Structures are given as structure tokens and as C-alpha cells.
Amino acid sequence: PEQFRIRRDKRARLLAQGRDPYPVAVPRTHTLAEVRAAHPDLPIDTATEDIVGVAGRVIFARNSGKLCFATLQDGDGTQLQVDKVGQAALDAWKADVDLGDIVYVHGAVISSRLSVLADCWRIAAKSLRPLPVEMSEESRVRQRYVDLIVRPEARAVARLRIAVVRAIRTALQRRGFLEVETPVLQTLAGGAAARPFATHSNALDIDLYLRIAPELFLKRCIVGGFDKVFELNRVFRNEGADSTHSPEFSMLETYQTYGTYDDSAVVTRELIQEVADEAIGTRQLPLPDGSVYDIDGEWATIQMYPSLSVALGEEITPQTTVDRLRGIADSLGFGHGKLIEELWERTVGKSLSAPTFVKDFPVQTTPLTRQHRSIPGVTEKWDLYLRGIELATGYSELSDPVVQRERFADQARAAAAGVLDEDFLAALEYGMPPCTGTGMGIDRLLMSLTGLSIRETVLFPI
């Protein structure tokens, strides 16, 4: 609290002295990593004539006499510690240097009874705030910058999420997918059931809506002649937060002409497995529960109605009235579809461990997905539940316009108190070849793979 001020003192009396604590440039030559990787086994307490210039953060100090010792930590986490040139050197070192301070050092590299000793040295930046040694998982998230410095785990994760996301891109691109960019500000926001964030434009004297999802535009792409498209990026759903939900988040969507939810469920499996392999290296996923979640080999596929039927010891179908459902609903603790999914989730959903697609969903609650090819009353959507998390949905995509138009009229009357995406429908009545969309949640993906909270999967939330 106090030593805040002391650090400011130390800054001032380096300006007026004309030494620079925020130098433009400082001729670093190697990363601590690069040093390590060059010099694995050096005979301890022998020397080598590799001059280098390295920068780092002083995190351990042990100042004593003619000689000070200190740990330098590259930002990536790597570590290298530190007669030679000048006593004034030592006095500045002793008097000027605190911890959390960024420091360049020149010199040759040696083994300690692996450090370096100084031709030159200089401050690259003066911290006017000492690093704390514990911090609340909440304070942590509010100051990720410190987290990242002091807490290793923050580092690896941040890097992982990145590694994963590269993995995804690598994979889709290997399969001949083209990443596209579609609007975020939209005249009306479609592609999912969520309340949008609305904002005012000065330029058009109108409101605008942050995209809850890209599907409608991504579809317009397929129309326009895209074989295979994805768009990995952020969506905004104006609603509550919870372990699995957060109002802005990063989402994959995917679309493949000439293929069905059967095929896309396959891709989605391989996709996820490739990711694990690229970014983690095992399909036997370690967890803070000491446990290991296996995701290798093949994954089960069950139907919603069937699997639910077995669960309630009773046949349930598209046919089953609301009253029956409602009643069964009560026996345990709006409309048909909503009840089926509720019941399904509430019974079969919860119970699952290993990786499982469910498929064949109540039409009532899947207006964008095609009617099932043989079975009446249902659509060709899957969900994919992975270690007990709804991670992804695939669809055989509703290409028919008039069906689709109807699909909305019903949805629309649903919340009336007395406007459709006419352009989207225009799009469809130009032709849209058969295709299967997926959607996947990137935090849930990591969460599902790791057991980390949604608050740890991303750099900066609130």
C-alpha cells in the first residue's frame, strides 16, 4: 500500500538523473527459452563464451555485498537467474531495483555452483506496484495481467485456448473449409432463441442488434455457392450468466453442402479428437478430480423419444399430448417440444457420463432444421453431450422456404401481443443445396476438456 509511493520516488529520481526507466529500445538478442534450449547440460560451475542480451522480470532477489542474485522470468514463464563492470552498477542495482521490474542484461552465460553475468544492464520498465505473492478466483479474473505473471496455470490455459483454436482452424482448413466474416450489427438478429443486445446508430437514426448467431448469413453464403464455410467468432445473447452461460462468447458454426447430420456428427467427433491431440496430446483427459475422461474411439448415438420412453417406462412420441407430458412432468418435479426436451434433459440427459449424441428432436423446437426423412413429427438435429455438457448441435438444414416461412409464423404468433426475416426467406427461395450446419461453444469445449470454469477459459470476462 505504502511502497506504492516509494516506487514512484524511484522513477522520478531516474528521470531527473537522465537515466531512462521506459526506454524505447533495448537490444535483446535471445529469449530465456532460446538460451535454455541452446544450453541444456553445461558442466555446472564451468563457463562458455556465448555473449547474449536477455530481458526478463526480476521476481526473486538476494542482494548481498559485492554480489546480488535474482531470478529473471520471461513472460512465457521461463527462468534464468543473474568485477564484471562497475560498483556504481551494484549501487544502482541495490538502490534502484525492486521486484516485478523488467530488466535487460548483457553478458556471457554460465552455470551456477544457469544464470548470466553482466557486461551491461539497464531497466526496461519500473513497476510502481509490487506483485502480490494469494488472490480470489474473482480478483484473479479482474486482473488477468497479474494472474498471468504470478500464476503459471493462468499461462498454460491462455496458451491452450489459443492452441485449441488454431487446431480447429487447422482441421477445418485441412478439410477444405473457408472461414468467412458476416455482420455483427444486424437489422434484426436471428439464428437462435435469445434476447439480443440493441444499440442505437447515430448515422441511421435507428436501432441495431448484435448477432446472437451467424447461421442466417452463413446460409446466404451456401446459397451464393459456398461448398464449405465456417465462422469462428463472437456472439451476443442478452441473458443470464451461469456455469455454462455468458452473454458474449466465442462460437464455431460450420456448413457442408451435400451431407446430413449423420456426416456432421462424424466430423464433429473427429474435429474434437484432433483438437485434443494437437492442443493436449492425449484423448485420456486428466482432470482436477484426479480422474481421466476417455474420448477416444467411437461415441454413442441415441434418439430423444426412444431414450426418454425407456426412461419413463412408457412410450412417448410426437403424438403424446401436452397434458400427459405436463402430468409426467409433475410426477417428477408451455408446449410439447419444451416438455420433451425438459423431460429428456431432466431424466436421460443428466444421467450420461461418456460422450453421446442424441438425435431426432421435436420439430416444435427446431424451426431451422429439416423434417426427419422417414420418422414423422421430428427433425434431423443432434446435440452432443460431452462429460455432461451440451457442447454442440448439428442439423440437416431446412432448405424448403415455404415450410421455413410457416415455421416462423408459428414462432411469431407464439410471442405476439395483438415481423419476419423476409430477406432470409428471399435467400432461400433462390435455392439452397442440401447441407448440414453445426454449432459449437468454445468455452464449453475447453470446459468439457479440462474441468476449468468458464471464467478461466477466457482472458477477460465480466
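Rigid core here is just the name for the largest C-alpha set that superposes within 1.5 Å across the two forms. Residues carry their position along the shown sequence, with the first being 1.
Structural divergence in 8 other deposited structures of this protein between 284-292 and 243-251: following superposition by the core, 243-251 has C-alpha atoms lying farther from the shown form.
Residue 330, modelled here, also has coordinates in every other compared entry of this protein that models residues flanking it, well short of the third needed to call it frequently missing. Residue 134 is a gap in at least a third of the other entries compared, counting only those with both neighbours built. The segment from residue 333 to residue 334 is interrupted, since 10 or more residues of the deposited sequence in that interval carry no coordinates. The modelled chain breaks after residue 133 and resumes at residue 134, leaving 1 to 3 residues of the deposited sequence without coordinates. Comparing 236-244 with 97-105, the higher mean C-alpha B-factor in the PDB entry belongs to 97-105.
Of the two segments, 175-183 and 200-208, the one listed with the higher mean B-factor is 200-208 (C-alpha atoms only). When the C-alpha B-factors of 395, 424, 430, 69 are ranked from the entry, the top spot goes to 69. Residue 356 sits in the lowest third of its chain by CA B factor, as recorded in the PDB entry.
Compared with the other modelled residues of the chain, the Cα B-factor recorded for residue 270 ranks in the lowest third. For residue 314, the recorded CA temperature factor ranks within the middle third of the chain's modelled residues.
Ranked by C-alpha B-factor against the other modelled residues of its chain, residue 21 falls in the middle third. Among the modelled residues of its chain, residue 38 has a C-alpha B-factor that falls in the highest third according to the deposited record.
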